[PDB]
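This report refers to the structure that appears directly beneath it.
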Amino acid sequence: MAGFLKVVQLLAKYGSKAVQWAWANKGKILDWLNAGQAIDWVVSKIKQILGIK
C-alpha cells in the first residue's frame, strides 16, 4: 500500500474531495499501480476525473 498512500498524500494538497475519491476507489488505484502505471500518472488521472485543471 506504499504507492496507494503516496497517491492519497499527493492528492491531499488538492483537498478533501480528492482524498475522498481516492479512498472510495482504492481498488482502482491499487490495480493501476500494479498494472505498471506511475504514481504521478495516477495522480494526474484522478485530477482529470475530478475536473481539476
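Residue numbering restarts at 1 for every chain of the C-alpha cells, chains are lettered A, B, ... in their displayed order, and ligands are numbered from 1 as they appear.
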Neighbours of residue 11 in chain A within 9 Å (only C-alpha atoms; same-chain residues fewer than 4 positions away dropped), as a PDB file with C-alpha atoms, in the first residue's frame?
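Saved result, result-v4.pdb, follows:
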ATOM      1  CA  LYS A   6       1.728   8.221  -1.859  1.00  0.00           C
ATOM      2  CA  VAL A   7      -1.144   8.871  -4.313  1.00  0.00           C
ATOM      3  CA  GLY A  15      -8.292  18.939  -0.795  1.00  0.00           C
ATOM      4  CA  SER A  16     -10.626  16.550   0.912  1.00  0.00           C
ATOM      5  CA  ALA A  18      -9.596  14.355  -3.945  1.00  0.00           C
ATOM      6  CA  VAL A  19      -8.711  12.214  -0.876  1.00  0.00           C
ATOM      7  CA  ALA A  22      -9.072   8.057  -3.802  1.00  0.00           C
ATOM      8  CA  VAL A  43      -2.478  11.492  -9.531  1.00  0.00           C
ATOM      9  CA  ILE A  46      -7.536  11.393 -10.682  1.00  0.00           C
ATOM     10  CA  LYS A  47      -7.216  15.168 -11.179  1.00  0.00           C
TER      11      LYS A  47
END
Item to check | Between CA of residue 12 in chain A and CA of residue 28 in chain A, distance in Å (one decimal) | outcome: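 According to the coordinates, CA of residue 12 in chain A and CA of residue 28 in chain A are separated by 17.9 Å.
Remark: for residue 3 in chain A, the closest of the candidate residues A:49, A:21, A:27, A:33 is A:33 (distances computed over only C-alpha atoms).
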Item to check | Picked from chain A by DSSP as alpha helix (DSSP H), as a VMD selection string | outcome: chain A and resid 2 to 12 16 to 24 26 to 34 39 to 50
